[PDB]
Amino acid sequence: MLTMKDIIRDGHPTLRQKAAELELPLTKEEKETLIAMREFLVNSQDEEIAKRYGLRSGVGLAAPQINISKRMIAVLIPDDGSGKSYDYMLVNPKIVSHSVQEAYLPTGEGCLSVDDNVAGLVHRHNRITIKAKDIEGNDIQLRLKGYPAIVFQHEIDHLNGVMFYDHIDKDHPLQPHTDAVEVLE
C-alpha cells in the first residue's frame, strides 16, 4: 500500500527529470505500480482509510512523484455533481490538440509533492485531447474540458519535470488572463 512516505518531496531530482516512455506491453511490476498509484488515490478518498494512514485526499498522481521516472499517470476525480467522473490509468499520455482558450482554478493549485501552498493562478488549456495507452496497451483518446483538463495537464506536466508553480506570474500572480475561464470544483 502506497502512502505519503512514498511521495517524494519538491527538491528531489526525479521531479525535475523527463520521464521515460513506456515500452508496451507493460511489465508485471509496471502494471502493479500503476494499479497501486490508482489505489493510493482510492484510499486517499476514503475518509476512514485516509484518516488511519494520514493521506491527503488526491485526484491525480504521476509516476515521478513516487520516484519512478516513467510516463504513467493515474487520475481519479469523483462525480462533480453532473454525473461526470474520471477514473483513468494512462500510459504514455500525450496532449495531441488543445483550445487556445485558457482556464484556471480560482485559488491556484497544489501538489502532493509540495508541502506548502504557493499562491497564484496556473493558466492551462480549457480543452485538451489526449492520446494514450491503457494498462493493457489498448488505445484511449480523451476529450476533456475544465477541471479534468486541468488535472490531466497538471499530471502530464510531472512527466516533463514541470511543477505547477513554474506557471505562476511573479509580478501579478492573481491576475487572470484575458478571456480565461474560471473553473470551480
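In this text, residue numbers run from 1 along the sequence as written.
When the C-alpha B-factors of 81 to 89 and 94 to 102 are averaged, 81 to 89 comes out higher. Legend: mean Cα B-factor per stretch from the PDB entry, 111 to 119 versus 67 to 75; the higher mean is in 111 to 119. As recorded in the entry, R52 carries the highest CA temperature factor of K133, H125, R52, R143. Per-chain ranking of the deposited C-alpha B factor places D46 in the highest third. Among all modelled residues in this chain, the alpha-carbon of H158 has a temperature factor (C-alpha) in the middle third. Ranked within its chain, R56 lands in the highest third, by CA B factor from the PDB record.
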